[PDB]
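Taking the form deposited in one PDB entry, here's one chain by itself in structure tokens.
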């Protein structure tokens, strides 16, 4: 057939000598995320990285590595390599400011409308790129966006991502309150399903990290969404911004915005931010960031 194109991405196997852990960034059940330095040998660079490290979840994390190795975009996190020791480690560029959900909550009293709308533009760019690569994320949320610098965010966590071919996906543990109604009812996922999750993610930012449908049981979410109910208009949002959010939550997935159009609309708004958001008061020497180490 060759109806699809060969995925000629490179999977880099990294020696364990090549990097040094430094701090435990966080622990789950799966494993731990560390921060460290990667020094490719005889390369005279030190690269700050995150390392994420045996049942059969090895096959699960290898799926994640497959996806992360195949994307290349300023607003998407790339896999640097894997290390195949006793444990399987994913190595990625360190995003020092952490996930945008925590960032928005810790700095809510110093976040201006320029930043919020710019974040919105950047996530639509990454999401539009994933759609270009025919990739459905299936878990877009503020907790899965990382902050490289306050001016530069990137989408991560591709454990649920699925690669549509040549329009929908059918699955069989899922984030209810970020899912489109069709994803709940029929377990269908589309780039337009992601546009819904994009809308919840913008709502998270505009509320400075509130929990959507806070205090509502996830099982009631389906019937509530059918009855016509959506998330409330956040205090700082003009109707212009909230009208974009509402459009992402339309029952007809095709009459929802495209990521390419969300880019345009938020760019127009980031061009005069205070018209659209009302907010009170608007160590080593050979360190190389990963975005500058291209091989």
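Numbering follows the first chain given and starts at 1. Rigid core: the largest C-alpha set superposing within 1.5 Å between the two forms.
One more form of this protein, deposited in another entry, exists but is not displayed; see below.
*Asks:* Just one of 84, 188, 218, 181 has a CA that shifts 2 Å or more between this form and the one not shown on a core fit; which is it?
*Replies:* Result of the comparison: 84.
*Asks:* Core aligned, does the CA of residue 234 move at least 2 Å between this form and the one not shown?
*Replies:* No; residue 234 is a residue whose C-alpha shifts by less than 2 Å between this form and the one not shown when the cores are overlaid.
*Asks:* Given a superposition on the rigid core, I'd like a yes or no on whether residue 66 shifts its C-alpha by 2 Å or more between this form and the one not shown.
*Replies:* Comparing the forms between this form and the one not shown, which are aligned on their rigid core, residue 66 does shift its C-alpha by 2 Å or more.
*Asks:* Any chance the CA of residue 33 moves 2 angstroms or more between this form and the one not shown, core superposed?
*Replies:* Yes.
*Asks:* Explain in one word, closer or farther, how the Cα atoms of residue 64 and residue 99 are placed in the other form relative to this form, where the distance changes by 3 Å or more.
*Replies:* Note: Cα gap between residue 64 and residue 99 widens in the other form.
*Asks:* Is the CA-CA spacing of residue 102 and residue 64 tighter or wider in the other form than here, given a 3 Å or more change?
*Replies:* It is farther: in the other form, the C-alpha atoms of residue 102 and residue 64 lie at least 3 Å more apart than they do here.
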